[PDB]
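Below: one structure, written as structure tokens.
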Amino acid sequence: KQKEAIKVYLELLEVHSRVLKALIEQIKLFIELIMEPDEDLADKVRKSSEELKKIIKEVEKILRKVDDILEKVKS
Amino acid sequence: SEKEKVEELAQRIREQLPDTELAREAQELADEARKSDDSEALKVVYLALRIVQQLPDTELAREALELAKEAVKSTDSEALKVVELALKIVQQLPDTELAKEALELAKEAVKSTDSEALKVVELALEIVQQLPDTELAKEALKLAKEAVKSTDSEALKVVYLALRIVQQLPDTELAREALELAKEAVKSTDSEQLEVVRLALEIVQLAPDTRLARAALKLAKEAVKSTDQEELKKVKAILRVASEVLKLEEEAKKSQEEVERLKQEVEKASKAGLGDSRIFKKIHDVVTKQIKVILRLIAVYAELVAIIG
Amino acid sequence: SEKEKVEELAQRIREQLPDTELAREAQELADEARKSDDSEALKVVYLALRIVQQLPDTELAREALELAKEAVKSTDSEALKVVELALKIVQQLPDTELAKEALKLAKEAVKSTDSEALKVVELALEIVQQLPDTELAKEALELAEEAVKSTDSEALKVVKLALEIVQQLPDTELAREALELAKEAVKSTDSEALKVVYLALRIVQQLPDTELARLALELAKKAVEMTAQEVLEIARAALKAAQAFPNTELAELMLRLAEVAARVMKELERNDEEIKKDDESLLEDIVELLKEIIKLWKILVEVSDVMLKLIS
């Protein structure tokens, strides 16, 4: 019912806070790369991108859970 | 009681060296102070007479008397505080070049009508007082003396920010880098370099002891060294974007704290049963704020993209 | 020379309809034009009198006489050209709503002394003359009317750019979309929407016949549809990024990212509407929001990779 939407919104809030942190790191590193080109800075930017991809995977898991619940409701 | 102290020092000075120019000037200054009801001017005159009693028949005492008279003439409280700090520096560090330089800087500050030069000179004097016998004090005093001469207000703001950075983190690489950058910016006649240095110093103050701060300092140094105008505008835009990113980071941290508190409150309300519609409304408010912060971050991302191209 | 033509038309009109208000107005206009030595004022009075001779005792002739008098009062060459084009349109499409609305717009332009409004109205009249008896001419005329009525300085420039786009690519999907977008922007009271629409139209004109132009048109339409200022700020940032870096795959990805973010905000609004009131519909809207969220983050990852390739 509504508690399911509540828990989905909570999961989204936590994921989006982690997104905020990763995005701030990514923008800081991009400014640093613009001002000075380095290879290790590019490596840590790639690490940030990997973190963002893991976040995307978590969002996909949330979506598949909600989809299973919707498919059970429609039955 | 301050009037009593001033008059007692006046009588002590009159008994110390009568029939001298310093004695007559001290008597007249003590009279003009007794006429006053302002305690700050009373402290000014007290420090002046204390310096006179400290060094009788000297040039420093004459400078102190003249500066104290000109400060009593002024109605601005900031000039009063500046003269107080200058005379107090002369008292704390006698027989030092910094005392004479600070007296000259305080005279130049009182003579100026601008309100920002008073703050700048007060900051320089506080730097001298808190860090005596240090290169930072002399460099800050020289920087303030150079800032008073410049016509541009941007130079005043830049030197204010540089002295602030020095006071916040003394004996750090950031402080000496900010001092050198502010000196080289005051030397340059260009105002765009002043804007770049101001933005870099603001980046430093917003995020002290961070990688962004030192990176922006190095970029501002190499931009002051450079002579390309397009790269100068690009550096200005990059520094503005960095400052916006710092502000957005603060906002995002506040939003994350809100998210944690909302999760706690949601679990508490689910345990208690206090109903679901109000919880959904609070969740909607928090989601709105967080997603607006995310969208601002995306906009800054696209702005950076436009800058690099 | 031209005075001869004007005075002959005046005497012929006097012989055609005596003891009428139109006769007195035409004679006064002819006398005032005869006193004037300017060639353009003489040509405008000639057109007005020829219109009076073509449509005697009609409202169009009265409005043309009044417009000719007001143009004689004005010294701006652009306003004179506007009045001349309006009268030539009246002659070109007699007894049409386009001619009446064009006379009205010409009067509204003459009233204002600003040069940008005169240029916009001249552009609209050139559109009407170039495409007579077409819906695009009607839309451009109404858009210019709405622009002149608006006090915002950006609205005039936006409408001028839209009309330039229409003239450059007539009877195209891009021109129709630009007309509708400019109309919706003038309808909007927000200035951020006007700036976003100007950026979109500038992207269309600066790079026609490209996917980025269509993307910018879609993004600007969806931004004007939304009432949120944040979506407009995102659209403005994305359009500035696209304008600064054209003919690139990364700008395409950036416009796509902005569109996905606008769709995410739309799904947020839908979720709010459903909260204000079924569980199944709420779950479906949550599913759609999660889909668009995943797309947004994927596009952000792609943008990050492309920027890393550009900086390395």
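Please note: Cβ atoms are built from the backbone with ideal geometry, for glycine as well, and neighbour counts cover all protein chains shown. Read-outs: derived from the displayed coordinates by stated rules, not from any lab.
Looking across segment A:13-62 at every residue that is closer than 22 Å to B:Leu262 by Cβ and of a type in the set (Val, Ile, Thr), the one that is surrounded by the most Cβ atoms within 10 Å (Cβ to Cβ) is identified as A:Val19. Scanning segment C:51-68 for residues that are surrounded by fewer than 17 Cβ atoms within 10 Å (Cβ to Cβ) and part of a helix (DSSP H, G or I) turns up C:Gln53, C:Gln54, C:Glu59, C:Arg62, C:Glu66. Answer with yes or no whether A:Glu50 is under 27 Å from C:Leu289 (Cα atoms), assigned to a helix (DSSP H, G or I), more than 8 Å from chain C (Cβ to nearest Cβ) and of a type outside the set (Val, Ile, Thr). For A:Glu50, the condition - under 27 Å from C:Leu289 (Cα atoms), assigned to a helix (DSSP H, G or I), more than 8 Å from chain C (Cβ to nearest Cβ) and of a type outside the set (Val, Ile, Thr) - is met. Being more than 7 Å from chain B (Cβ to nearest Cβ) and among the hydrophobic types (A, V, I, L, M, F, W, C) is the filter; apply it to segment A:20-30 and report the residue that is farthest from B:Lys218 (Cα to Cα). Among them, the one singled out is A:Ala22. Scanning segment B:215-271 for residues that are under 23 Å from B:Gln205 (Cβ atoms) and of a type in the set (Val, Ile, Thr) yields B:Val224, B:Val235, B:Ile238, B:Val241, B:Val245. Taken over segment C:292-310, the criterion of being farther than 17 Å from A:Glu25 by Cα and at the interface with chain A (Cβ under 7 Å from one of its Cβ atoms) is satisfied by C:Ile293, C:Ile294, C:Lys298.
Taken together, the residues in segment C:191-211 that are within 12 Å of C:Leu174 (Cα to Cα) and among the aliphatic types (A, V, I, L, M) amount to 5.
Taking the criterion of being of a type in the set (A, V, I, L, M), outside any loop (DSSP other than H, G, I, E, B) and more than 14 Å from C:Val159 (Cβ to Cβ), the residues of segment C:109-135 that qualify are C:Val110, C:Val128. Being at the interface with chain C (Cβ under 7 Å from one of its Cβ atoms) and out of contact with any strand residue (DSSP E or B) (no Cβ under 7 Å at 6 or more places or on another chain) holds for only one residue in A:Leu41, A:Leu10, A:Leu33, and it is A:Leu33.
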